[PDB]
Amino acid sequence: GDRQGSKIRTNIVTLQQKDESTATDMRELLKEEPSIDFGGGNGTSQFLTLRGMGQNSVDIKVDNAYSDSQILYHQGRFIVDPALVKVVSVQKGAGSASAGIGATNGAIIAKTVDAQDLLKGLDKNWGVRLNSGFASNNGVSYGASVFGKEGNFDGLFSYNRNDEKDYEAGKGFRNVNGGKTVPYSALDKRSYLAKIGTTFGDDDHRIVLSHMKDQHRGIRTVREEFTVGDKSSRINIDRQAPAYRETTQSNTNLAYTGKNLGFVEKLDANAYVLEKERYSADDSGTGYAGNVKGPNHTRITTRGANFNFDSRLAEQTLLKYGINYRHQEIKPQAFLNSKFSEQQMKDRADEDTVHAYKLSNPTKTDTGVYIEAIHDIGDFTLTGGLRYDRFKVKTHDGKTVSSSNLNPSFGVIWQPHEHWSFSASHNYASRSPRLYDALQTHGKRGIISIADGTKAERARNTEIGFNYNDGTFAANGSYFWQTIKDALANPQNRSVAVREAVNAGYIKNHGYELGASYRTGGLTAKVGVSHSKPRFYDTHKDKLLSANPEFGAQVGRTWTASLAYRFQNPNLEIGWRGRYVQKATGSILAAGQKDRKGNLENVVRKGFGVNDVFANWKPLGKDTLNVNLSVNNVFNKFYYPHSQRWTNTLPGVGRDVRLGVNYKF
């Protein structure tokens, strides 16, 4: 099983569990997980943090494809729709050698659903699955899926839609027209999956071809992390200029797995193309896009491939080795550059420089080779590995800078008794600079480059853990220490017309997680707690590190608990679930954060509890029909989650009563 205490949590959500839930986003789906925290709002209003660390350092992997770029820092990076997914797992902090590219701070890892998963409940080779959803606060959802198998072939198509209105925050929230809803938080969210696959050669070989699309549309504000405030605020209707928007994530993926190949005992490979888009119907009121009148379209394309081989050197020792490749390219619609604008000469001088550049699409190439030995001796499992990682960054001025890193990793698990493991690991990993914001790449605000020696961030993550499980009771614990050198955030002047990415500091993180469960005769009891302390230490004279929630947030210590009971007759689980986040204090920046004026901020944030009760009934006895009812945020709590800025941005959803149905025939 999982034996690194709490640092690798495999299959946190299973498809069969997910079908008993009423959630239609990751935020509600992973709320029992204390180290994970989502900001408020719909879609890409949301930021995610893991052990306090943001999506600058934590990735969401679906079918083993992931970008590390972003569209705009006033919104978070795209979070996949769980309707597509069959499993979610998590890996925290710096990973081992087989972990892939950029594993400094960890990842949400998801696999899309397959034909065999959907056929599960049925006694035949094809099937249909319908679902619908109703939410009082305030949405409607449905989907369908058709799937099957003939000879050595299988396939599926799933369409899902979730049409969500402006959500009502908890009690006491008032929106400036004096309503209870959060302006421009409506989103029409659609996804599809198309898969075809073949399994051949004694079932030891499989090729799967997959296309996924995940899309959000609606009238959204420039800056999705805020709504519209009072006309006297910086977040008023004019500055925030809502306009129709679509933001999309698409992935075509080819995947192969072979087993018992003689020359190797298992091989996994993946080649994909991931597209991230922003489309806006009018960008006149969008400063960041260069105020581009009418439709505007921004792309990020990610091409990747991974190969992974497992070779057995002896009954007790496995050798994993492989290679990762990823290329990312950002495409503005048009470069804007030529439009960039008593001793101002120095400025006309600057003006003439920007105009003089001829800009190209920025790219970034990451590649890595790795080996890992996993050796079992006595009731110890020892893991040794190494990665060699290089990147190359070509910014929009054509400037190219690369570097490379050698990253060792060591891990021990000890399992003395059959109910016990204990763990320790010491993992190094590196993470290449990120390209600037895709939406700002047109270069209208000046040129964004990279300094000559700039290098990758490099993490040294040490941690210990234990797992207990005796079949009734379970528990796990993790303590971790993280240092990351050469952190990069905002660019340095070389006057503010031309700037360069630079290493600018270091990062500390440390903390703990506990979890326990109790299982008997239909009763399922659970508790968990997590606290961590991300800190960003400026090292550069112009202090360029950032408290942008993308990097992290100092989240309150977080408790979660659940209590559920499953009746033998009728087949019905009812239960309660709560999440309590304590009061939090302090910026992620050790020197503190400022305020557009430049003034110290006394970052404080309130604790709050959210409580939910739910029910799953299975009127037919099988998992072919699920009727689910939930009432989330029972007490209609008014609150702001912690992973976002601390000023009063976007509250949690007020109370919400949901009825979902899925049905398989």
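From 1 onward, residues are counted along the sequence shown.
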For this session: Between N125 and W126, determine how many residues of the deposited chain lack coordinates; answer none if the chain runs continuously, otherwise 1 to 3, 4 to 9, or 10 or more.
Result: none
Seminar exercise, completed: Here the number of deposited-sequence residues unresolved in the coordinates between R494 and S495 is 1 to 3
For this session: Determine, for stretches 66 to 74 and 596 to 604, which one has the higher mean CA B-factor as deposited.
Result: 596 to 604
For this session: Read off the CA B-factors in the entry, average them over 92 to 100 and over 226 to 234, and name the higher stretch.
Result: 226 to 234
Exercise. Whose C-alpha has the highest temperature factor in the PDB entry: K339, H531, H297, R220?
Worked result: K339
Exercise. Highest Cα B-factor in the deposition, which of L514, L209, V80, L545?
Worked result: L545
Exercise. Which third, lowest, middle or highest, does the CA B-factor of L119 fall in along this chain?
Worked result: middle
Problem set entry | Chain thirds of CA B-factor: placement of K455 | middle
For this session: Give the position of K171 by CA B-factor within its chain, expressed as the lowest, middle or highest third.
Result: highest
Problem set entry | Third of chain Cα B-factors occupied by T24 | lowest
Problem set entry | Ranked C-alpha temperature factor of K180 among modelled chain residues, by third | highest
